[PDB]
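> Quick one: the structure is below, and I'll ask about it shortly.
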Protein chains: 2
Amino acid sequence: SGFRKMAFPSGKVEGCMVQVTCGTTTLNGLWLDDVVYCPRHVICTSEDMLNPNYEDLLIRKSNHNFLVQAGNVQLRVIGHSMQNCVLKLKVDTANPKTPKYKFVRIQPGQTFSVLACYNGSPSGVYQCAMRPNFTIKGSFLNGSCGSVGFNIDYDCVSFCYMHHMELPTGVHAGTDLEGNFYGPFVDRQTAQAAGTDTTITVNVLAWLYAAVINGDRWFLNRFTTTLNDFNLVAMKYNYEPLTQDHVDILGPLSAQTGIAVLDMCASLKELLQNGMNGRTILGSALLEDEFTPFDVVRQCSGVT
Amino acid sequence: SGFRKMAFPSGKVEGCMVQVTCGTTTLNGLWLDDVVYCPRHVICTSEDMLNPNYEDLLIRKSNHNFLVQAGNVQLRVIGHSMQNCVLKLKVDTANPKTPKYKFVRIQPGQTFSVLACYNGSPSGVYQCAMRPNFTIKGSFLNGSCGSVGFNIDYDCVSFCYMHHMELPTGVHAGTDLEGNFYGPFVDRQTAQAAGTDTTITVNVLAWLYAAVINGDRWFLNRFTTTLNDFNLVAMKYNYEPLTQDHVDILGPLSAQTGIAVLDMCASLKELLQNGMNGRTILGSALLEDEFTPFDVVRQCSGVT
Ligand SMILES: Cc1ccncc1NC(=O)Nc1cccc(Cl)c1
Ligand SMILES: Cc1ccncc1NC(=O)Nc1cccc(Cl)c1
């Protein structure tokens, strides 16, 4: 019973968080095996951030200029390299708490948990989604850079995000663990506007199935629709177009509830056209799009 | 930038979760020092749950009947006792991962993080509030009993909740770590209705201050009110009465933003009377009451 915006347990990621200082800039690093991963803008001064030439700035840096502290103890840096927008600091010690892990580049609409950190220490954990405009609506302050986004399959942590920057609109941008930014963002202090933040339709449908499973059924109607009819409505409301791939992934939810995907699409269509009329669905007065079909299945089935 | 329903990092609590089996019933236990804490209904069969006499049921149980498994290894039970609605299983081994901890009984309106678990394994973490009717709106399935609610001050974990039951309305009830239920709930399969779930006014005000700090200011008006005038409106909308104690705790938020508490109360009054008019505040179309003033300060300042 009940449905919550739930994050993965953060313990396995907490054991990886370290503090990286270069010059007077301190941010978070991710220590897996004998490598510490951190945003390359750690080498920048606020002056450098306007038009940084990271290759040129990195030439002035040596292994001893990167101060890596894991808890209250210092790690010895025996190598450094830049891979896209991340720095990989080879340390002389393998992280004893390194969990089984993968580096994955997620697609827009996918969700993950963020372990927000400051000075290498965790402050909190929350669930995010990679928006269709490749930004994330997180909660990050100065010093939070290097905090990571991740998913967990039983004992394997799939790192998908590393926080790099706050856009002038208060939304967030970052890279995968190979240093490649999601979206067109660049690590520089230049105004970069985000594109249209469309609603993740397949996620809203999954959350509507979760509402049905949990007893919120007032929005179920006597209608059906087609993928083409639904998508005409979705385009009008800045929702992502629904494909047969989305319908397929909603299959287990449709089977669990006995509500055909296109019937749920018609309920969503009426909710978009008529609004909630002061009502709520799973304690929300708006259509939630940050639960994937997999998240709804996982939460509703108790996967650990 | 940004404001999220953030939970405390769950690592320190993950290292305490164990599986407790008694007969054919398996639930979660909390292992701190050489004691495993779990709901006493672990000794019950589904037949016993209608009118259980826990003292009588416990007489038929011996130390060897409580199977405690921490990860894949078995803990030896050398003692057992019932304290209110929890069982304390003395084991022969102190939990090596026991963090600094306290057992606290929270007040309604206070928030905490829940590490939902099944078979002693964590499935996720989310932020909750003890509702004014002493229920919690969680996300729990069968097998989640014994999952705990907690807060963390730097390195000390204050355990405040242990999950015991789901009321017929899909809301949740449980105890503090001394076995005392929050509210009038009893651990038996009897329909127990919850009281009025009023809105935590001081929390809504704190979340309105967090919205101002993060750029959402459309709801700020040209009005003020008094505590008595505000409370007349609050009574009408099933909001908790606001006291000078609440105003005092909102002091740091009022000082940070330069918005007097009673001016924010007047904004809240207009939001209650007029509604949001299709608008949102911190990505929500309703007034969020599960962030305390301390949570807003902590999140907005980066406390780790
Ligand atoms: C101040 C803050 C708040 C939240 N998240 C992140 C930050 N820091 C931040 O954006 N620094 C920065 C500025 C320009 C470019 C780059 Cl790559 C980094
Ligand atoms: C099924 C479930 C789902 C979520 N949370 C908890 C549960 N289990 C649950 O309530 N068991 C139970 C039944 C009667 C009395 C008592 Cl004390 C316990």
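Just so we're on the same page: first chain in the structure tokens is A, next is B, and so on; residues restart at 1 for each chain, and ligands are numbered from 1 in the order they show up.
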Pick out the residues no farther than 9 Å from ligand 2, counting only C-alpha atoms and all ligand atoms, and list them as an MDAnalysis selection string.

(chainID A and resid 1:2) or (chainID B and resid 39:42 46 49:50 85 138:145 163:168 170:174 185:190)

> Export, as a short mmCIF file (atom, residue, chain, number, x, y, z; two decimals), in the first residue's frame, the selected residues with C-alpha atoms.


data_model
loop_
_atom_site.label_atom_id
_atom_site.label_comp_id
_atom_site.auth_asym_id
_atom_site.auth_seq_id
_atom_site.Cartn_x
_atom_site.Cartn_y
_atom_site.Cartn_z
CA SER A 1 0.00 0.00 0.00
CA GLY A 2 1.10 3.54 -0.78
CA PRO B 39 7.76 -6.05 15.62
CA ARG B 40 6.38 -8.51 18.15
CA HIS B 41 3.75 -9.70 15.60
CA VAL B 42 6.65 -11.83 14.13
CA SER B 46 -2.36 -15.06 10.35
CA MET B 49 -3.57 -11.74 14.33
CA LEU B 50 -7.33 -11.36 14.96
CA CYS B 85 4.99 -3.98 20.75
CA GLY B 138 4.48 5.35 3.34
CA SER B 139 5.12 2.72 0.71
CA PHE B 140 5.11 -0.69 2.30
CA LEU B 141 4.13 -4.19 1.17
CA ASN B 142 3.82 -7.48 3.13
CA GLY B 143 7.29 -8.35 4.49
CA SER B 144 8.18 -4.65 5.04
CA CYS B 145 7.36 -4.77 8.78
CA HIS B 163 6.80 -0.19 10.63
CA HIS B 164 4.14 -2.52 12.02
CA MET B 165 0.96 -2.36 9.98
CA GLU B 166 -1.14 -1.15 7.14
CA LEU B 167 -4.57 0.20 8.11
CA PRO B 168 -7.51 -0.76 5.83
CA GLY B 170 -3.73 2.03 2.93
CA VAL B 171 -2.03 4.35 5.45
CA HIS B 172 0.62 3.07 7.83
CA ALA B 173 1.03 2.63 11.57
CA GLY B 174 3.97 1.74 13.71
CA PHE B 185 -3.20 1.88 16.97
CA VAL B 186 -2.87 -1.67 18.28
CA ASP B 187 -1.04 -4.58 16.61
CA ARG B 188 -4.09 -6.62 15.71
CA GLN B 189 -6.14 -7.39 12.59
CA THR B 190 -9.04 -5.24 13.57
#

> Could you produce a table of the residues of chain B lying within 12 Å of ligand 1, with the nearest pair of atoms per residue and their separation in Å rounded to one decimal, using only C-alpha atoms and all ligand atoms, ordered by chain and increasing residue number, as JSON lines?


{"residue": "B:1", "atom": "CA", "partner": "ligand 1", "partner_atom_place_in_ligand_line": "4 (C)", "distance": 5.7}
{"residue": "B:2", "atom": "CA", "partner": "ligand 1", "partner_atom_place_in_ligand_line": "4 (C)", "distance": 8.3}
{"residue": "B:3", "atom": "CA", "partner": "ligand 1", "partner_atom_place_in_ligand_line": "4 (C)", "distance": 11.2}
{"residue": "B:214", "atom": "CA", "partner": "ligand 1", "partner_atom_place_in_ligand_line": "3 (C)", "distance": 11.4}
{"residue": "B:300", "atom": "CA", "partner": "ligand 1", "partner_atom_place_in_ligand_line": "3 (C)", "distance": 10.9}
{"residue": "B:301", "atom": "CA", "partner": "ligand 1", "partner_atom_place_in_ligand_line": "3 (C)", "distance": 11.4}
{"residue": "B:302", "atom": "CA", "partner": "ligand 1", "partner_atom_place_in_ligand_line": "3 (C)", "distance": 10.8}

> Go ahead and save the residues from that selection, with N, CA, C and O atoms, as an mmCIF file, in the first residue's frame.


data_model
loop_
_atom_site.group_PDB
_atom_site.id
_atom_site.type_symbol
_atom_site.label_atom_id
_atom_site.label_comp_id
_atom_site.auth_asym_id
_atom_site.auth_seq_id
_atom_site.Cartn_x
_atom_site.Cartn_y
_atom_site.Cartn_z
ATOM 1 N N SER B 1 20.364 25.518 -5.961
ATOM 2 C CA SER B 1 19.173 25.593 -6.801
ATOM 3 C C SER B 1 18.381 24.289 -6.773
ATOM 4 O O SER B 1 18.960 23.197 -6.792
ATOM 5 N N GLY B 2 17.064 24.410 -6.796
ATOM 6 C CA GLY B 2 16.193 23.251 -6.806
ATOM 7 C C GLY B 2 15.826 22.791 -5.412
ATOM 8 O O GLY B 2 16.586 22.996 -4.456
ATOM 9 N N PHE B 3 14.666 22.156 -5.286
ATOM 10 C CA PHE B 3 14.198 21.689 -3.986
ATOM 11 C C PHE B 3 13.557 20.337 -4.169
ATOM 12 O O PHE B 3 12.686 20.166 -5.016
ATOM 13 N N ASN B 214 14.223 29.538 -3.735
ATOM 14 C CA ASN B 214 14.515 28.928 -5.024
ATOM 15 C C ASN B 214 13.916 29.632 -6.242
ATOM 16 O O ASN B 214 14.075 29.139 -7.356
ATOM 17 N N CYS B 300 18.631 23.702 2.034
ATOM 18 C CA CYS B 300 19.043 24.965 1.446
ATOM 19 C C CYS B 300 20.463 25.419 1.894
ATOM 20 O O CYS B 300 21.005 26.339 1.301
ATOM 21 N N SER B 301 21.081 24.759 2.899
ATOM 22 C CA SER B 301 22.424 25.138 3.356
ATOM 23 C C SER B 301 23.511 24.074 3.124
ATOM 24 O O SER B 301 24.697 24.379 3.253
ATOM 25 N N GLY B 302 23.116 22.848 2.784
ATOM 26 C CA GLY B 302 24.061 21.780 2.463
ATOM 27 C C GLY B 302 24.685 21.034 3.626
ATOM 28 O O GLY B 302 25.819 20.561 3.515
#

> Taking 4 positions as the minimum chain separation for residues in the same chain, which residues sit within 12 Å of residue 152 of chain B when counting only C-alpha atoms? Answer as a ChimeraX atom specification.

/A:122-124 /B:7-13,99-104,111-114,156-160,295,298,303-304

> Please identify all polymer residues within 12 Å of segment 209-213 of chain B, counting only C-alpha atoms, omitting same-chain residues fewer than 4 positions from it, and present them as a ChimeraX atom specification.

/A:139,170 /B:1-5,202-205,217-220,250-261,263-265,267-268,280-284,287-289,291-301

> Could you check which of B:88, B:269, B:105, B:64 is closest to residue 175 of chain B, using only C-alpha atoms?

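Using only C-alpha atoms, the shortest distance to residue 175 of chain B belongs to B:105.
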
> What are the DSSP alpha helix (DSSP H) residues of segment 2-242 of chain B, as a ChimeraX atom specification?

/B:11-14,54-59,201-213,227-236

> Any idea what's packed within 7 Å of residue 226 of chain B, counting only C-alpha atoms, ignoring anything in its chain fewer than 3 positions away? Could you give it as a PyMOL selection string?

chain B and resi 229-230+262

> In segment 121-197 of chain A, what's strand (DSSP E) per DSSP? Answer as JSON, numbers by chain?

{"A": [121, 122, 123, 124, 125, 126, 127, 128, 129, 148, 149, 150, 151, 152, 153, 156, 157, 158, 159, 160, 161, 162, 163, 164, 165, 166, 172, 173, 174, 175]}

> If you keep N, CA, C and O atoms, can you produce a file of those selected residues as a compact mmCIF listing (two decimals), in the first residue's frame?


# COMPACT_ATOMS: atom_id res chain seq x y z
N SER A 121 31.13 14.36 1.62
CA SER A 121 30.17 13.80 2.56
C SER A 121 28.73 13.87 2.05
O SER A 121 28.28 14.90 1.56
N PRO A 122 27.98 12.78 2.20
CA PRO A 122 26.60 12.78 1.71
C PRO A 122 25.65 13.60 2.56
O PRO A 122 25.68 13.51 3.79
N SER A 123 24.83 14.42 1.93
CA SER A 123 23.83 15.22 2.64
C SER A 123 22.45 14.61 2.50
O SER A 123 21.66 14.67 3.44
N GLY A 124 22.15 14.01 1.35
CA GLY A 124 20.86 13.37 1.15
C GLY A 124 20.74 12.59 -0.14
O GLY A 124 21.64 12.63 -0.98
N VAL A 125 19.65 11.86 -0.28
CA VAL A 125 19.38 11.10 -1.47
C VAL A 125 17.96 11.40 -1.98
O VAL A 125 17.03 11.55 -1.18
N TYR A 126 17.82 11.55 -3.29
CA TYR A 126 16.51 11.80 -3.90
C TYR A 126 16.46 11.18 -5.28
O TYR A 126 17.50 10.93 -5.89
N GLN A 127 15.26 10.97 -5.80
CA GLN A 127 15.03 10.39 -7.10
C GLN A 127 14.81 11.49 -8.12
O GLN A 127 14.10 12.46 -7.86
N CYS A 128 15.46 11.35 -9.26
CA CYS A 128 15.52 12.25 -10.42
C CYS A 128 15.09 11.52 -11.68
O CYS A 128 15.06 10.30 -11.72
N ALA A 129 14.91 12.26 -12.77
CA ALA A 129 14.73 11.70 -14.09
C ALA A 129 15.55 12.54 -15.04
O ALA A 129 15.65 13.76 -14.87
N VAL A 148 26.85 11.98 -7.67
CA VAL A 148 26.50 11.09 -8.75
C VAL A 148 25.07 10.58 -8.69
O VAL A 148 24.43 10.60 -7.64
N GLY A 149 24.57 10.24 -9.86
CA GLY A 149 23.28 9.62 -10.11
C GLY A 149 23.53 8.16 -10.40
O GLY A 149 24.50 7.80 -11.08
N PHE A 150 22.64 7.29 -9.92
CA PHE A 150 22.85 5.87 -10.10
C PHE A 150 21.57 5.07 -9.99
O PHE A 150 20.57 5.56 -9.45
N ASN A 151 21.62 3.84 -10.49
CA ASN A 151 20.60 2.82 -10.33
C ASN A 151 21.28 1.58 -9.73
O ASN A 151 22.51 1.47 -9.76
N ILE A 152 20.50 0.66 -9.12
CA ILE A 152 21.08 -0.54 -8.52
C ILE A 152 20.28 -1.77 -8.90
O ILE A 152 19.08 -1.80 -8.66
N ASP A 153 20.93 -2.79 -9.46
CA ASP A 153 20.28 -4.07 -9.76
C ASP A 153 20.88 -5.09 -8.81
O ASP A 153 22.00 -5.55 -9.05
N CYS A 156 24.71 -4.60 -8.00
CA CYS A 156 25.48 -3.84 -8.97
C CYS A 156 24.99 -2.41 -9.09
O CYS A 156 23.82 -2.17 -9.39
N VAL A 157 25.90 -1.45 -8.90
CA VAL A 157 25.56 -0.03 -9.02
C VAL A 157 25.88 0.45 -10.42
O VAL A 157 27.03 0.39 -10.83
N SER A 158 24.88 0.94 -11.16
CA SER A 158 25.11 1.49 -12.49
C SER A 158 25.14 3.00 -12.33
O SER A 158 24.09 3.62 -12.15
N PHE A 159 26.32 3.59 -12.39
CA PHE A 159 26.46 5.03 -12.31
C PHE A 159 26.08 5.62 -13.66
O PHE A 159 26.59 5.20 -14.69
N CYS A 160 25.17 6.59 -13.64
CA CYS A 160 24.72 7.20 -14.89
C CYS A 160 24.97 8.67 -14.98
O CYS A 160 24.89 9.19 -16.07
N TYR A 161 25.19 9.35 -13.86
CA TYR A 161 25.30 10.80 -13.87
C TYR A 161 26.33 11.30 -12.91
O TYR A 161 26.46 10.77 -11.83
N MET A 162 26.99 12.38 -13.26
CA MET A 162 27.87 13.11 -12.35
C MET A 162 27.47 14.56 -12.52
O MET A 162 27.39 15.06 -13.66
N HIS A 163 27.18 15.23 -11.40
CA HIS A 163 26.74 16.61 -11.43
C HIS A 163 27.88 17.56 -11.78
O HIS A 163 28.94 17.50 -11.16
N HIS A 164 27.63 18.45 -12.75
CA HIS A 164 28.65 19.42 -13.13
C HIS A 164 28.22 20.86 -12.93
O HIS A 164 29.04 21.67 -12.51
N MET A 165 26.97 21.20 -13.32
CA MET A 165 26.60 22.60 -13.28
C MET A 165 25.13 22.90 -13.15
O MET A 165 24.26 22.06 -13.39
N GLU A 166 24.88 24.12 -12.73
CA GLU A 166 23.57 24.67 -12.58
C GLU A 166 23.41 25.66 -13.72
O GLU A 166 24.26 26.54 -13.89
N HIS A 172 19.66 21.51 -13.74
CA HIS A 172 20.99 20.97 -13.61
C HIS A 172 21.48 20.21 -14.84
O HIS A 172 20.70 19.67 -15.61
N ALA A 173 22.78 20.24 -15.04
CA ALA A 173 23.43 19.59 -16.16
C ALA A 173 24.68 18.87 -15.69
O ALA A 173 25.35 19.28 -14.73
N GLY A 174 24.95 17.76 -16.34
CA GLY A 174 26.06 16.92 -15.97
C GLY A 174 26.37 15.89 -17.00
O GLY A 174 25.73 15.82 -18.06
N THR A 175 27.33 15.04 -16.66
CA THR A 175 27.84 14.05 -17.58
C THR A 175 27.49 12.62 -17.18
O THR A 175 27.06 12.38 -16.06

> Can you tell me which residues surround residue 91 of chain A at a distance of at most 9 Å, considering only C-alpha atoms, apart from same-chain residues fewer than 5 positions away, and format the answer as JSON, numbers by chain?

{"A": [33, 34, 35, 36, 68, 75, 76, 77, 78, 79, 80]}
